[PDB]
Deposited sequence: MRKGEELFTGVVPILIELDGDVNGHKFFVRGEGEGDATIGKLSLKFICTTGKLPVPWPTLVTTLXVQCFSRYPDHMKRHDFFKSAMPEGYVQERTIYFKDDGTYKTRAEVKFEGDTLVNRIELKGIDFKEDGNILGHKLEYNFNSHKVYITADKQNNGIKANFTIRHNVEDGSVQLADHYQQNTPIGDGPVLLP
């Protein structure tokens, strides 16, 4: 099950080692999720000085187990089910007319805190593009994450397109292709 863990406020730790076009950086963040209301409160810090990429681009990368699942949909919650053991979240993000992120993360419980450790590698980004050129506005929009369960992985698949507002009035799209998978070996449900 696992729902017992999320019945109340859960403290969160997130760590990211990124590499984008050779630019290396580390981001840490702390806060608390509430799965009952589906709320996240987090503060992130880059320890390497200036962030080579805009913060909004790291948002989707930086714990969907805190999503609120209505009572009738509770049996459909994959994320909470894998806990405390946790799950592996992999993504490939295609930035329109630009480079691509590739991430590997392990989301599990270390002690009483939920931990997400990410490894990100970007490539083929335009030096003057919206990402490396920091042309993206500081804000985020509303989205839909379409989840389909996939087969032999004993886990779920996902895709969606993130809309990043560019400061010139245009929109920078990011196509997300996501797949997850448990850690412990056995039934999930």
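> Got a list of the deposited-sequence ranges with no coordinates?
Deposited residues absent from the model fall in 1 to 2, 65, 193 to 194.
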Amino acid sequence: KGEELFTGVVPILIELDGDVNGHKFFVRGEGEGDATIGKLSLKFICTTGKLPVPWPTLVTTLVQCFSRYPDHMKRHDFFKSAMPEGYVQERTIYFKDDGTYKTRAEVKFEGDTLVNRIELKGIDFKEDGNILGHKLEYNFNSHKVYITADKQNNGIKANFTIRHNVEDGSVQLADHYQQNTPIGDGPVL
From here on, numbers count along this sequence of modelled residues.
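> May I ask you to compare 51 to 59 and 31 to 39 by their mean CA B factor in the entry and name the higher one?
Looking at the recorded C-alpha B-factors, 31 to 39 comes out higher on average.
> Report the stretch with the higher mean CA temperature factor, choosing between 142 to 150 and 40 to 48 on the basis of the entry.
Stretch with the higher mean C-alpha B-factor: 142 to 150.
> Where does residue 157 sit by CA temperature factor within its chain: lowest, middle or highest third?
CA B-factor rank for residue 157: highest third.
> Could you say whether, by C-alpha temperature factor, residue 181 belongs to the lowest, middle or highest third of its chain?
It falls in the top third of the chain.
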